[PDB]
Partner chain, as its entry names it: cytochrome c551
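Okay, here we've got a single chain as structure tokens, the form deposited without its partner chain, with questions on binding and movement later.
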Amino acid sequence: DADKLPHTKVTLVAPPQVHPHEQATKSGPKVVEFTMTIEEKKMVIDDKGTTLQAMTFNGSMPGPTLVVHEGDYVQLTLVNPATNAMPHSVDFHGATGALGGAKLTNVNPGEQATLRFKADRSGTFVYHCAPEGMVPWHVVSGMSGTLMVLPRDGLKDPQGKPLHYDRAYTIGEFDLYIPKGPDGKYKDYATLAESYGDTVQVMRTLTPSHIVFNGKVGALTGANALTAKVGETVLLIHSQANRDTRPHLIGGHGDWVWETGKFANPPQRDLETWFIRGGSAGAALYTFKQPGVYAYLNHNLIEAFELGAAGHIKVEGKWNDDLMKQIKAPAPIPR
């Protein structure tokens, strides 16, 4: 029984940050209470001013990451302001039953509902808006994020030994299908429903116009780059609700990677590139051993550097000449 466990409330933070949380916890099963508000909005998605008629949780792509522990219960209040055009609902991949919650959360504009489900399974899980068997749209327009259900005992390697991250980051990869006019420039829509027919048509082509990390081309670069330092251990949570992707850290690795994102299975080690299946979320742990500016990307490099699926990590610390050294700098070829 669940109506009698201690109810707690979590303040959510917008990506790429994850709300503060305990890994291995002394604590016992709780009900964790969260609130998310759907926000439909036109967002600028690239540097030449192209816009998406987007649909977000809490006004960001991805929605924020929800952290709990195995055996906890998740209790969500989903809010659909009257200023929105469309109905919404939520399918938690971590939940069990009634289409992951979607049947119990159909909120029209100006409505709200509260769902609870047991987080009986550990790993990173996608949550995303739902279609009644209908051409996605809501999903690809931005309605997804991650639920992370940590093992009560912390993260464990294949031999059972414990693993701890100093900090977790969350990346949502969105394949966008922005329509083009006869002039060959991208279309700009006044309202959401205006964008529908043209978008559906682009979707059939299975060819994203852009693929972005966290809402925008270059969203995780420059002033907004991720940060860590040598010796630090990061957990990179990668969600892709609709399409396969292949994450990679440049001059880095995946020390321990759950590419299927299910913590009960033994992680894999030493990975150069791993694979997030469309409609799943995986996680990777890396301990930085060198300073400098790393890139973190989808290693279809067209998708990365031509379509937008890439970001940076700025790393403080001491250069290690053992791991890598420049024996001879670029110089003219011997006469």
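Numbering follows the first chain given and starts at 1.
Comparing 127-135 with 153-161, the stretch with the higher mean C-alpha B-factor in the PDB entry is 153-161. Note on 307-315 vs 6-14: mean CA B-factor is higher in 6-14. Residue-level inspection of the entry shows that, of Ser27, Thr273, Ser280, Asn300, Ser27 has the top Cα B-factor. Each of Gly172, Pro208, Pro109, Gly142 has a CA temperature factor in the record; the biggest one is found at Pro109. Per the deposited record, the Cα B-factor of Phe288 falls in the middle third when ranked against the other modelled residues of its chain.
Among all modelled residues in this chain, the alpha-carbon of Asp72 has a temperature factor (C-alpha) in the highest third. When all modelled residues of the chain are sorted by CA temperature factor, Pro182 is found within the highest third. The deposited CA B-factor of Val32 belongs to the highest third of values across its chain. The deposited CA B-factor of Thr245 belongs to the lowest third of values across its chain.
One more form of this protein exists, namely the form deposited with its partner chain bound; it is left out here, but the text below deals with it.
Heavy atoms of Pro179 never reach within 4.5 Å of its partner chain in the deposited complex, leaving it off the interface.
Contact check for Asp157: no non-hydrogen atom falls within 4.5 Å of its partner chain in the deposited complex. Although the partner is absent here, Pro87 is a contact residue: one of its heavy atoms lies within 4.5 angstroms of its partner chain in the deposited complex. Put simply, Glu194 is close to its partner chain in the deposited complex: some heavy atom of it is within 4.5 Å. Residues of 266-289 that come within 4.5 Å of its partner chain in the deposited complex, judged by any heavy atom, do not exist; none qualify.
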